[PDB]
Every structure is written in structure tokens, then in C-alpha cells.
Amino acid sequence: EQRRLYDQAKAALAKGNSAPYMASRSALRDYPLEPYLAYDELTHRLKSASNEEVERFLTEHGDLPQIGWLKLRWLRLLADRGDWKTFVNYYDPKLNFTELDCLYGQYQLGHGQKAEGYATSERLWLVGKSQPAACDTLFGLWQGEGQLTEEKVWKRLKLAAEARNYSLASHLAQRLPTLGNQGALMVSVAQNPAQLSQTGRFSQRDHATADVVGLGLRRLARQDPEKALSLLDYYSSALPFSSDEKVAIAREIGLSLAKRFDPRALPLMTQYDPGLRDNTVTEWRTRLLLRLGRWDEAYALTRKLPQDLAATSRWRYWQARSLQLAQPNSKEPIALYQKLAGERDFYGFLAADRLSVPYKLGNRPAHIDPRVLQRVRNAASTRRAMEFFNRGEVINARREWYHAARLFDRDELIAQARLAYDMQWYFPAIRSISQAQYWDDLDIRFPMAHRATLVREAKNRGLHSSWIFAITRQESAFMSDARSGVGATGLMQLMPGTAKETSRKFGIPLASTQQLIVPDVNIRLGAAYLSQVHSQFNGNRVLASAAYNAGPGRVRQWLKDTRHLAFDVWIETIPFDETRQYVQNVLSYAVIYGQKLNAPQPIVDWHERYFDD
């Protein structure tokens, strides 16, 4: 039976008419999408629904992706009625609705859990953004019981200033009994911290003034770490900074100096994190030593790393490589690299390249227990996602797929990856197999859709065709209708102004921005634009890949005053975490695509291994 009661009842339900749905509830208790109509109908009359019916729906349909919205709305009703016993039976902190957390704090305050309710209030209060209305009620109760001290107003003011929510911060500032002056000063300094140059004005030796100054120096460090360091050197002896804020200031200044390759970062970072507690500071301390060519010290630092950093392929690679640079004639780096060859990521490729041994390129589909595959194809979320897919409701299908994945175990995730791959759903498949950390399936991890156009346009534009597959794999994971939050569209994630300029530059026809989700139009414009970035950086894929992600200007900035800089040092010392991983991904993917294209691609080409300013 091709039951079509569902689209009828959907039409009537949307909107107004619930009669067909109720008439079909038995005739559709097996159709997988039926809980969606039930969900809409219950939500519409939720203010009238019995506890019994709602509880029953949440009992039997707790797997719907949207069930949290139903709980939010119902729990809100339950609280508004004083149905506190039912509220706490169903309140879930893991829903991550601040509104429910605040209602729960109210429950604690009125039901003999004052100590816990105070702790809930303070945790929700110590937040730099405006909170929902129910939190205002909680804070009111908390303030009414004498807990909202000026110091707690001050703390939140600081958080609001840090988050650049100045309307909140200024409202908190107007609520300070004795500190209203310093509070206004905090807001002014947060908006323009360069005023800390007026050292004569920030001289009063109290903790409030030290808080104002510390916030300003942390802010100032983002864009002018050199000025921030000079001012720290003045203020350190003039203001009673706590030991904690001094470490925070120093670490933020040190990190920002190190990302500009300023060796003044090293003494500061060494003094304020001698025990290597801050992994970000440890890595940038090591990166900076590498940028400065201080191999001995970089090597000695890799020997002292905490376990979680020492275990990564990154610092296993740099331990071997800094040793080899510190001692070019030592045999000891060989064994170090050999531990790493065998790893299937960027640093494993680098280790193999340093040993001049072939790469590890095994394409091994996981063997799946037929019972686990059946389990996964039998799950209600999967069936719902299947039916959504066949009907074309692609966003609903994906949401089912992704929500279901949040509870699957490793074997199930692998089975889901196979099912999505066989539907030509490359990104869902890539997403699942990546969650499962099963890297040996190179068919799923590296789709070949639109191969003929990819190879042709690469050839037309003079590009290694593995590179364009790699860029596509990173940008969209081969979902040709992908669209980013800022408007980047299609296989190669083109901005519409970028696409129109490329179109005019090459004489490639582009009817509208909308055509950018047509794969061949995307690839033609994307290949052309990619070739422009490529020749702008002298055909160097490392630089051009970085520029694709961060822009040409940022890349030229990252090249200032370099000379014979090795490619692996340059990549490692890219200031943006995102761009560093982007580049390492694209280069690694191009190696894989080189094998699949029978056009071998080393991790970097001869002409890419060094480059200057």
C-alpha cells in the first residue's frame, strides 16, 4: 500500500484542520513520518493537552529531532501553572535551554533547595549576555534573598564588557552602589583600550582599577600587543593585580606577540607558564622557536610536553624534525619519523617525506556485521530519513540523519556512513565515518563526483587536478548545493561577487548568482578563480590554498621578512588555527586524489619546499 493519507493530513494540518490526521492515526501507525503530524497537532493544542497525552508522546517519540522544542514549550506551561512536580520529572539540563535552567533554579528556591538554587542563580548570573525573562525572575528572587552583592554585579559587568555587550554592561554599571565610576571606566576602556596610554589616569591602587586596566590590556593585546606589553610593564608595579589576572594578561599578550613572530613573547611566556599548563601557550612557544630557527630549544621543549600534546602526530613530527635540524648528521631522527610513518594524516605524510619512503595509502572499506547494518537501517530515525529523502524533503532527511548520529556507536556510525554513501550523500557519509574515526575507507572519505568536469577545467586552467578535487573536498565535501552562513555557494564555496568578477575576467558566462549551485557552473568559475590565486602566488599550492581560505592579503602578511623559510615551518606557524588546518587538509587530500586520479601528488612539490618574501 502506497499510503497517501499522510500528504492529505499534512495539508489539512498546515494549517488549521486536524480532522484528517485523527482519522488516519490507525491507518498510518506504520508510516515512518506519522510522528511529525502527531507532533504538529499536539503542539497546536498544547495549552489544552493533558499531562497524560504529552507524557505519552514524549515517552514514545523521544527520538524526534525536534522533541526538545516540545519539551521547552510544555515545561514552560507546567512552570507557569505551578505544576512543579511534573516540571522536575521532565526538566533536562542537557537540553541547553537557559530558560529551563532558570525555571529550575526557581523550583530549587521554592522547594527547600536554597543552597543549590543560589548556586544555580550565580552560575546563570555570571554570564556576559542578556538572559531570558525567567532568569530575570530567578535573579529577582536571588536578589530578594540578599545574594546579589556589589561584587557579583561587578563580576558580571566585567563579563559583559569582555563579550562587548556594552548596553548590558552599562546597565550593570548603573547598579553599582560604590563602584559606579570605575564601572563606567570599565565600559569606556573596553570600547577603546588605547586610553590606557594615559597612565596618570589609571593610577588608583585598588582592585577595581586593576580590573579595569587588566581588561583593557587583554583587549588591546588583540590588535597592538607591543603597546599592551609596554603598558603592562608600567602598570605591573603600580596596581594591585591578582596573581591570576597577571597570568591571564601575560598569556594573552604573549600569545598575540608570538603570532607576530616577536621574540619578546618567549621570555614572557616562559615566565608565566613555566609548567606548561596552557596548551595554546606551549604550542605557540614551540611554533615561535621554530619560526626563529631555534631548533635546540624547540627540540628540548618537545621533550617536556604534557601527554596530550606529546601524543599528537604534530609534536611527534616536530620533535623528530627539530632534532634533525639541530643535528643534521644525527641518525636519531630516523627512528622518530618511523613511529609516525603509518599515521594517515598530514604529519604522517611529512614524516614519510622526510624518510623518502612511500606514503601509506590503503583504501579499506570497513567490514560491517549484517546485524549492525540491519539495526541501523531498522532504526526509526533512519526510516524517517529514508522516506524524507525519497519525497525530496532533503533538509528534514539530513536533520534526522544528524540527530540519529548523536547516539550511534562506532560500528553503527560506520554502517550509517555506508548507507549515506550509497545514496550519493557524500557529506553525511563523510560526517559519519569521521565521527567513527575510521580513516581507511577512501571511497567514502574522498568522493569522485563530477570527475569529468573537474579534470577538464583543471586541465584548461593549468592546475593539478588532484588539487581541485582536494579544494572541493574541503570546501563542500562534494555537496553541490551547500551554502555557508555568509553566502558562499556550491562545490567550491564561491562568494557571489567573487564569482561575477571571475566570470567577467575569463569570459565565462554566469546567468545569475543562483546558477552557482549547478555543479558545472561552480567548477568552471571555481577552477578559474583558483588558478588566479595560484598564479598570484607563483604557482605555489601551499600559499594559494591558504589564500583561498584567508585571502591574499593575510597570506602576504604571513610572508613578510621571510627568507628561505621551509614550507613545513611556514604552515605550522600560520596564525589562524582554521587556515593551518585548512592547508594541511587540502595538501593531504590532494595526495589521496593523486592516487585515485593515477597522477601521483607528493605532499609538496619541489618548487614549493621553500619560499621567500
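Note that residue numbering follows the sequence shown and begins at 1.
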TODO: Take the C-alpha B-factors listed in the entry for 297-305 and for 388-396, compute each mean, and give the stretch with the larger one.
DONE: 388-396
Open item on the list: Quick check on the record: does 131-139 or 107-115 carry the larger mean Cα temperature factor?
Closed with: 107-115
Open item on the list: Highest recorded C-alpha temperature factor, please, choosing from 182, 513, 165, 356.
Closed with: 513
- [ ] By the entry's C-alpha temperature factors, tell me which of 345, 481, 273, 475 sits highest.
- [x] 481
- [ ] Divide the modelled residues of the chain into thirds by Cα B-factor and specify which third, lowest, middle or highest, holds residue 58.
- [x] middle
TODO: Ordered by C-alpha B-factor within the chain, which third holds residue 439? Give me lowest, middle or highest, please.
DONE: highest
Open item on the list: Sorting by Cα B-factor within the chain, modelled residues only, which third would residue 6 end up in: lowest, middle or highest?
Closed with: highest
Open item on the list: Using the temperature factors of the C-alpha atoms in this entry, rank residue 13 within its chain: lowest, middle or highest third.
Closed with: highest
Open item on the list: Quick check for you: using the entry's CA B-factors within this chain, is residue 454 in the lowest, middle or highest third?
Closed with: middle
